[PDB]
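Quick setup: one chain, the form deposited in one PDB entry, written in structure tokens, and binding and motion questions come after.
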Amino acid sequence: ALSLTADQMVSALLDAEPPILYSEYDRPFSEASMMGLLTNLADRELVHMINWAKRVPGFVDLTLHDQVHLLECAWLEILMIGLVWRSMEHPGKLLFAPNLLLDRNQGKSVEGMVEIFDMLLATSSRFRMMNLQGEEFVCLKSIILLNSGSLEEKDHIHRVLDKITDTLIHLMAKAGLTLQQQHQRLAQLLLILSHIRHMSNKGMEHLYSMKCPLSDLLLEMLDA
């Protein structure tokens, strides 16, 4: 994994992308039926996210305890960044699934969600204005998984992280940006990870306030 070239790192991440799932086909929504649809969608996406995580270069080198801890810390950030990527070409709307395209006005169905919704819409628009590319997106998504959670494991994680930084830079140079523009865009992209982490923390708090484990799914699949 540390032996990969930038081009191999990009290609591995693109081939590892999870599928776009559909919402259940179950009518103005109520708080219970909207959260029921989103929970059921999140639960099904989580299985594919575990398969994706196992293919992120360096992830399966970790102990099985750390693989679980990283997924436990990152899963909502990863769901959210997938959501904001999918929503880029739908201004004013969040594409939870191709059959579950919601505007902020539907977010009010759930008490405490419309504000986290607005952050997601704002982040989506920022990705649009930055012209975020899919190859950059898979790098950021990978960074989120490795960064969100043995001193040797930490060290190993950092080397993969450095490799992904090199890959991001390599992509920007290969696209013809100047070195100044390369370092600037790299910063702009990483600073958005701060916003995604914040939205995840607000989301986790919102979810804890509602009646509802991931731990069992992680362990079953990770060991599998």
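Each residue number is its position in the shown sequence, starting from 1.
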Unmodelled deposited residues between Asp26 and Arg27: none, 1 to 3, 4 to 9, or 10 or more? 1 to 3
What size is the break between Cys212 and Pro213 in terms of deposited sequence residues left without coordinates: none, 1 to 3, 4 to 9, or 10 or more? 4 to 9
Would you mind comparing 81-89 and 107-115 for me and telling me which has the higher average C-alpha temperature factor in the entry? 107-115
Would 29-37 or 192-200 have the larger average of its C-alpha temperature factors, as given in the entry? 29-37
Going by what the PDB entry lists, where does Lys154 fall on CA B-factor within its chain: lowest, middle or highest third? highest
By the entry's values, the third containing the CA B factor of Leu94 is the middle
Lowest, middle or highest third: where is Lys174 by C-alpha B factor in its chain? highest
On the chain's distribution of Cα B-factors, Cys73 falls within the third called middle
If you rank the chain by CA B-factor, which third does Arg185 end up in: lowest, middle or highest? lowest
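Not on display, but discussed next: the form solved in complex with a partner chain.
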Candidate site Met34, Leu38 and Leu102: all three near the partner chain in the deposited bound form by heavy atom within 4.5 Å: no
Although the partner chain is absent from this view, report whether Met80 comes within 4.5 Å of it in the deposited bound form, heavy atoms only. no
Is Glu220 close to the partner chain in the deposited bound form, meaning a heavy atom pair under 4.5 Å apart or at it? yes
